[PDB]
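# Results of the structural survey
Okay, here's what each chain looks like letter by letter:
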Amino acid sequence: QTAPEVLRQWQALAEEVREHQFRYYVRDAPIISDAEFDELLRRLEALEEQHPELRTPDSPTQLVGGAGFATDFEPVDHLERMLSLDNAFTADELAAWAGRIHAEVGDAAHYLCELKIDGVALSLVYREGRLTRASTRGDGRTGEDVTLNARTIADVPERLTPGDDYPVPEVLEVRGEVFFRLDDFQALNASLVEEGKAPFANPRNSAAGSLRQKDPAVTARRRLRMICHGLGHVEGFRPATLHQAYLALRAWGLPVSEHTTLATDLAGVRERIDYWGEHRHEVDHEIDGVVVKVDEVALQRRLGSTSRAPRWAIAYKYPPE
């Protein structure tokens, strides 16, 4: 239990102290039981300065008093590129939008149809089962860091749940779209109008704003529902198709309510991309359209991805009203 081990206890325990602080503090959701927590630092405290050559303003003990944890949107690069998506206003457009595969695919590779969850996108980088950072779309190459706020979000699990035929990838950069359910938004607003701020025009904002809070507390108080919708850069997984990845993410704890529909032929999707109109309002979310996606990754690969969006996933868009 020498110095080399000292650390294998020192920092090895700090990461657990602030871990709970944050939890208990700005977030108001304790994992352990006050006795336990109060028992860790106490150990770390004395047996910290007990090693003066291991104490600093960064020590969760003699520093992590009340605050300390605060977001500050610090420009951080991404990992993949996180592009946007083309668009299809007219149906006969979709024809080509995917019919472009008429090139290499044999017009058969399985197209995935998803719901367009209008909202503020966020990327999650799970370095080894745990959440490392959390950036925004930004310029696509580098985005703002809202880790804390993201962590405070419900659906986002600070730790991955291993198991199944899927092993926890040593990274998994997952893309998703944090948003607000109509009502939850209609409440937040209603519980305002001003007396401090003003009502939000559209939820996209209600969310964004919420998630864009410097004081995680505000973000932690606010509802918000993330929905990890697309895989990104990974290193320990590499599956055959989008959904096969979804099944894996699910077994991991990430939110995947992609009302998908593993389709085939332009017909299979033509309907679902025509059914989500007269029946596309029962959703607690806010879908503006649908987006088809060549399912088999083995095809998106042999399929380019321009500097504006992929070449393998148009996004049907149903015009407002």
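Residues numbered from 1 in each chain as written, not as in the entry; some residues may be left out. Heavy atoms only, no water. Residues with missing side-chain atoms left out of burial classes, pairs and counts.

Method of determination, as given in the entry header: X-ray crystallography; reported resolution: 3.15 Å.

Moving on to the overall build of the chain. Check the secondary structure of the chain and you find eleven helices and seven strands. Sequence-distant contacts in the chain: of pairs separated by 6 or more residues, those separated by 24 or more amount to 76%. (Helix = DSSP H or I, 4+ residues; strand = E, 2+ residues; numbered from the N terminus. Contact = heavy atoms within 4.5 Å.)

Further remarks concern the environment of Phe 22. Take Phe 22: it is sitting in helix 2 (residues 10-24). Sequence separation of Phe 22 and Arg 151 is 129 residues, and the distance between their C-alpha atoms is 9.9 Å.

Looking now at the domain arrangement of the chain. On domain assignment, one finds that the chain holds domain 1 (1-70) and domain 2 (71-321). Taking only C-alpha atoms into account, the centre of domain 1 sits 35 Å from that of domain 2. At the junction of the two partners, domain 1 supplies seven residues and domain 2 supplies 13 residues. (Domains from an automatic or database assignment.)

What follows covers the packing of aromatic side chains. Aromatic pair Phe 22 and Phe 69: ring centres 6.3 Å apart, planes at 50°, arrangement tilted. Of this pair, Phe 22 sits in helix 2 while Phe 69 is found in the loop between helix 3 (34-49) and strand 1 (76-77), placing the two residues 47 residues apart along the sequence. An angle of 40° between the planes, with centres 4.9 Å apart, marks the rings of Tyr 275 and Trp 276 as tilted. (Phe/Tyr/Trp six-rings, centres within 6.5 Å; stacked < 30°, edge-to-face > 60°.)

Turning our eyes to something else, we now look at the environment of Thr 152. Summarising the element assignment, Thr 152 is placed in helix 5 (residues 147-152). Once the C-alpha coordinates of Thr 152 and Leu 85 are considered, the two residues, 67 residues apart in sequence, prove to be 28 Å apart. Look past the residues within four positions of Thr 152 in its chain and what remains in contact with it is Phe 22, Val 26, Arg 27, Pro 216, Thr 219 and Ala 220. For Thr 152, the side chain forms a polar contact with the main-chain oxygen of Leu 148, separated by 2.7 Å. (Polar contact = N/O pair within 3.5 Å; in protein donor to acceptor, adjacent residues only side chain to side chain.)

Quick look at the UniProt feature "active site" in the chain now. Taking the UniProt record as the reference, the feature "active site" is found at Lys 116. Turning to its location among the elements, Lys 116 is positioned in strand 2 (residues 111-117). Setting aside chain neighbours within four positions, we find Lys 116 in contact with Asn 87, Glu 286, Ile 287, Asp 288, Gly 289, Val 290, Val 291, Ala 315 and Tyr 316. (UniProt positions renumbered as here; feature names shortened; annotations may be inferred.)

Let us look at unusual backbone geometry. The phi dihedral of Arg 27 falls on the positive side, at around 160°, and the residue is not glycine. In this structure, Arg 27 sits in the loop between helix 2 and helix 3. If you check the backbone angles, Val 193 has positive phi at about 80° while not being a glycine.

The next thing to look at is the pattern of salt bridges. One salt bridge in this structure joins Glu 114 and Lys 293, with 3.4 Å as the shortest N-O distance. Here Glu 114, found in strand 2, pairs with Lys 293, found in strand 6 (residues 287-294); they are 179 residues apart in sequence, far enough to count as distant. Where salt bridges share partners, they join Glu 15, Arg 130 and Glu 158 into one cluster. (Salt bridge = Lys/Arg side-chain N within 4 Å of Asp/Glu carboxyl O.)

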